[PDB]
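A short write-up of the structure that comes next.
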Amino acid sequence: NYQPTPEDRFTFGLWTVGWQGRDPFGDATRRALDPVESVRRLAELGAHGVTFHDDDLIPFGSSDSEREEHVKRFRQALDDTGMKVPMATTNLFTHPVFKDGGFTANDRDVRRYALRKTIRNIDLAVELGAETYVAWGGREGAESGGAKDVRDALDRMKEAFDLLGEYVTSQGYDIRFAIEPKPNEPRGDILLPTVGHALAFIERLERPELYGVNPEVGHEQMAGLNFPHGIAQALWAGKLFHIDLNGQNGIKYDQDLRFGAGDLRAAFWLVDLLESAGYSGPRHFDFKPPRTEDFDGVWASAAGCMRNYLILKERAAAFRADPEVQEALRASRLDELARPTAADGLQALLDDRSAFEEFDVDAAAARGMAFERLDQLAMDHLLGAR
Amino acid sequence: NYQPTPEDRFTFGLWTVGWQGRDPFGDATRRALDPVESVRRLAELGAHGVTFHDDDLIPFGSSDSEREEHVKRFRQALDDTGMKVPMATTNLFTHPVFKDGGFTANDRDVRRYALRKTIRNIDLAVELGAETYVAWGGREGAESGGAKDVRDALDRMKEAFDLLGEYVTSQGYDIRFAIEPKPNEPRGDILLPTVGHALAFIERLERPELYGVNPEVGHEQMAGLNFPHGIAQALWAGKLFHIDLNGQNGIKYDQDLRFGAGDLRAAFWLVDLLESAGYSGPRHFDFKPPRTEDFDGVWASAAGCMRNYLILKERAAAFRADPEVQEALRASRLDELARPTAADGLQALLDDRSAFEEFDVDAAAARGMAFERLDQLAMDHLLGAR
Amino acid sequence: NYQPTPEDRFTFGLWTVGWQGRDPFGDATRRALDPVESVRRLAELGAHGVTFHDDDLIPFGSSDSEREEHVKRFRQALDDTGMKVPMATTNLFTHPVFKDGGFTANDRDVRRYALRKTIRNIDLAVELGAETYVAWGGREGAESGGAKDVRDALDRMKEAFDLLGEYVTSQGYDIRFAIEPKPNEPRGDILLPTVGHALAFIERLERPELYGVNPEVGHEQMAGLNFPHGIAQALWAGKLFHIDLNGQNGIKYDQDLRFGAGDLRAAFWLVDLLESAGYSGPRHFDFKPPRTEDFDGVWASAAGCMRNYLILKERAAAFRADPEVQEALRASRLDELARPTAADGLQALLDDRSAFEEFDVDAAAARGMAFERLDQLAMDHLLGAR
Amino acid sequence: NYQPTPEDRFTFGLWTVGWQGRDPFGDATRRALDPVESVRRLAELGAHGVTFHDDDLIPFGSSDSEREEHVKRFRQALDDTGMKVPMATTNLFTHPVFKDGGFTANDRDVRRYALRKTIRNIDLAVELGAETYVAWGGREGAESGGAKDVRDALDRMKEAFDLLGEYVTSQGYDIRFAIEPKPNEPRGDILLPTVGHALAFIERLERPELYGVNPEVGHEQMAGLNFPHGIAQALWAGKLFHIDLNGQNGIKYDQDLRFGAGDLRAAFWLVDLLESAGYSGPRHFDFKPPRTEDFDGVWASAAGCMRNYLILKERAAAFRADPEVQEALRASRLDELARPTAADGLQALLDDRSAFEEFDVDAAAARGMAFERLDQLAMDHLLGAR
């Protein structure tokens, strides 16, 4: 009954189940978790692996010796459990030095520091076997219009990513980058605010093939955007390297609810898309167990993430396998959407009097699309009412 | 006192001052305007030119002879007034045949019809001297998840734009395309919903150099996005071919208020950016005089569009010329943002102990950015309080 | 399998299934429906009754004789089918004369006309047996700040409703009023924009007992508000006289999707609340079959409204009857929320050293609320995964 | 040139200029401020007074002796500066014990503790001379639907406020309560989310005359609502006891920008309303100097709050005094909006054939409202372009 196994490729950030519950208006409600205990508890729940920021694993300002002891304890817990580390990232947002950004801070010496902090963790990530390195520029942005010339900032952002690309290729590392967009919070506006802006930016990098996106359900929904649509565009471009799964109730602060909470029907269409397109990357949960919860609630919340994915996967598969749904898809001409508009070419199109001069516009206009019957079949399948 | 001349390059769509005031809940409050009268009235107000959809100028379903008479009357009014036609577009949204889209309609015969309708108006646009051809895919999208496979739809969208690009190059036309994004309305979600998604899509076209964006103030703000930031990214990519100016009060239906209404400070930063970057295209107003207004209100509203642009232009120029502002920009290190992070290169950066090993993180963290003083200087300039 | 009967009290506006599909950017896609056919088709689907604006039933500007013939045909179809008319309303928004409002139009003669148009339809509503009379002030509002002094407008709004209350009581009519809030569209901002503002306004009327609210799912969600929470406040105040059910995907134009579409989990909690509180009024659907649909799609969409209500009703009832859920509610102390804080009174509270001086704040802080386990049980029940 | 004096009644919370810059993703960027220094610095800037939560002034868990020393130091600084304390409030949100609320926490013993903590600070507030006591229920709410029965929670909320009302009247205190609404953050949804919901709730209290609202600019704008409209409804009801001034850029996390930032035109219409209605309460700024700023930026930001109010006050006064504006107000029939619709009464209205039978609907429909000319005059005045 919806039990995960490591083959389902579910992963969690250390910072997720480890969130102590400090928010802008309140103190922590839970004690800190040792990374080692987190790995053990997640392995017992059926997770495939964990992810980390450098500063989750190695307390900021550790000596090189303390650093090695922290990595050794962590590696021992990975070996003890079979857990993998498919993704790593850099914390370029917590420390006060990053208050105006890392890669696009106005101060040049902060920008250089941000690059050196990132490069050091890329080495560690490769050693632990990470395949994707995520960059979330949470502090890259502004609260006021004059504080940031955005063209210069984009120059600085491109420079930083180009330099990281030169570093990995000069080291022969097999790692790819994924940019994680967010429209706002903690800055008033964040640069590269959506999947689309990030995809557009990547095409201006020196080595675009090394970069993709790491979209997050809740972040696109903070702009009121359709998350499955954005994921479809990222797949279409070949750029879906990683994904952050969670829940969000509309346009407000980033809630990071467990996956399946928030917009349930969007979660259904997302799972349908990922499974139909054969996405094979990690199913990563970037979520926060609400600060109302004790530690038993934390693990119930993490378990719920995986459970909801598996239930939705079953319902989406039943939806697509149902002969009556396959018939309704043809009734709505989804098969025709997949056929070329003009494989015959431009000149044939221009000579085709059935496409314009003799096109029966009123007859085509009268045909219903039958979309509502199709959508009610999808509802019936989601609710198990079929 | 803020009087426009044709050198200011202000343009208006025929559909703007010609909007009869029909909304989803009410009938028209104004009679229709003859395109010829609109050209004359706008010329008297100081406008530079007009834009049109095919169906604004030529009633849908006109014979070829009636078509020629409509164009002739229009051309005579352009010659009488000196008005230019810098942009044209296709109406692929009003007629019922486009209820599920034009370029991405599920029905293949509608998609072919949409292409032939567009190609016919490209010819007319070139004859009238338009330099930019805008495409707003207002019906390309969905209300439900199963109605549209977005990867197939993007295939169909790319196919359509590739075919238009083949047509203009095979005809030797000097015209470029601009895609106008909108997140929603009249479809529940529209494909290519923001500037960013449109920029990303263009990079997958066969001839990307022929395509740019036509962002609209209100459309990006319907996603809660920062419009000057999005414009900066479009300029950075070299893709700002055209712009739609209006006003919008936040995340709600597309209001199309006169420019300067809605988010006043965003309008100030937009004008500052366009004028500082040397944007030389038309300043096009895509706005709707509210249906409360009679015809005297329509022309007062159109006049207000141009007036507000000119006032904001004056205030932005005073802001940037003020020595105390130039000093505050240096205090906030905007000059350092414009300098390369690591022109010395990757190896020099890696060897630079001042960038990491000996970087004084606490000292850099203590420096204030002085952004609030800078933003209050900008406020004082906007309000004429200096 | 989820079949409605008239005992379920499902009702539909004539304007819902009768929506021709005209939106701000397109012409009608469906022919008009005769009110008589609509009554017959809805009766066959299992509906309990219909609602109407005066202008849905009687074409605007009909002579008194044509008026009587229209009512007679309608009454004959009600008798033929057994359909009831539980609610009626006035169209104070379509005709151009209402472009600046009805009850709060700046022009006094329009305000008087709006009152006479309303009073005439109250008579008709009582004759057809309506118990609730709805007022949706769709044009009461403004696009700009100086156009409407809101204190004077609220004076005019109170005056209008006070006069309607005097009319019904002087006629001895057994009818109550329900105000339907909406935050925006078609005006830039609408007066009484949410359930809360409407409830507050009612308490200033001369006869508050005659007035309640008619909240609509999508309207509260256009402000990002929690619709079940708002309904709970209306029930708490004793003011839920009527309800408009539909679906909405977040903060954007009013979509009026079929009920169950949009925010599915909000629909579940709404049905749970209405059924648990014993709401006995009509379950009224104010929805628009998308303009992609032909007439077969219209009736499939209407059927889906009722189906989704019945499925959600079953799942909510199973949720509340599940012993493991009843246990989890006690684990989360929902039983304690229902017990008075200080039935012992103020002085006992002040003397109770266990409430402050000797309260163990750290122990109380450590208790988890177990909300995530509870919410996953609700998810499992909604998805039929239990 | 726009210099404040204590007669302008500008006040600041200790928590505003004292915000250390900790947000959900970062550590503090500024050291803590001694309340005494804050009073001195604000007095030098021209402020009239300060406000406080109990826990801003007295560190949580202080002994009764340390408590007295903290109050004594504070009182000495008030006497040294002439600063007043017009408002006080309780912190029922920071400590982990309040993670599920104070007055509406599911645990009864937490609810009793919350009441005793509040009552203790009411005594202190009266001793310092506060006239208004604010309650912001930031933790009263839920992230999930089953966690909170809202009808029971409203029962508990009413019980708490009724008990506070009994306490102040039994002590003979001259203090009034103001409820501060917020739609969300830090809870997923907060009870009483807008001005309207709060006004409606007050009317169910035992002693409604003791309670009013403390609206905050940014909070109503987090629901996309028109803040001047909401303030007008609160004034109309006689319930505007206090106000929180700041800035907010649309629907997103609560930014608490300095007043004048965010929606500039809304700030203009707000100042016009407050000054025209003769609001005489404090002009309180609940704002956060951005964490990019050092202490010089903090005081520049606080100074900007007062400056922007004074500039807007000047522009609104010029707008209302301009004869051409007074003429345009009559052209738009604002004078008619202020006149009764039917002072002649119901029977006269029903007998008046000019109101319906002989009303010229087409003539009334043709009259333009001239709202756009009026709004451009307001724009010209705001920008100093007249």
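Note that the chains are named A, B, C and D in the order they appear, and that numbering of residues resets to 1 at the start of each chain.
One rule holds for everything that comes next: a contact is a pair of C-beta atoms (placed from the backbone, for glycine too) under 8 Å apart; a residue touches a chain by one contact, two chains touch by 3 or more.
Note on A-B: across the candidates B-D, C-D or A-C, the interface recurring with over half of the contact pairs conserved by residue number is C-D.
In terms of C-beta pairs in contact, the better-connected of the chain pairs A-D and C-D is C-D.
Distance between chain centres (mean CA atoms), subunit A to subunit D: 38 Å. In this assembly, the C-alpha centroid of subunit C lies 30 Å from the C-alpha centroid of subunit D.
Residue positions of subunit D touching 2 or more other chains: 29, 95-96, 99-100, 143-144, 147, 183-184, 189, 222, 224, 251-252, 261, 265, 290, 292, 365-367, 369, 371-372, 375. Residues 1-2, 29, 221, 224, 250-252, 258, 260-265, 289-290, 292-297, 300-301, 303-304, 307-308, 311, 315, 365-373, 375-376, 379, 382-385 of subunit A are the ones that touch subunit C when the two sit in their complex. Across the interface of their complex, subunit C is touched by residues 95-97, 99-100, 103-104, 106-113, 115-117, 119-120, 142-156, 159-160, 163, 166-167, 170, 183-184, 189, 191-201, 203-204, 222-226, 228-230, 232-233, 235-237, 251, 265-266, 268-269, 272, 277, 329, 332-334, 336-342, 346, 349-350, 352, 354-356, 359, 361, 364-367, 369, 371-372, 374-375, 377-378 of subunit D. If you check the complex, the residues on subunit A that touch subunit D are 21-29, 93-96, 98-100, 138-139, 143-144, 147, 183-186, 188-189, 222, 249, 251-255, 257, 261, 290-292.
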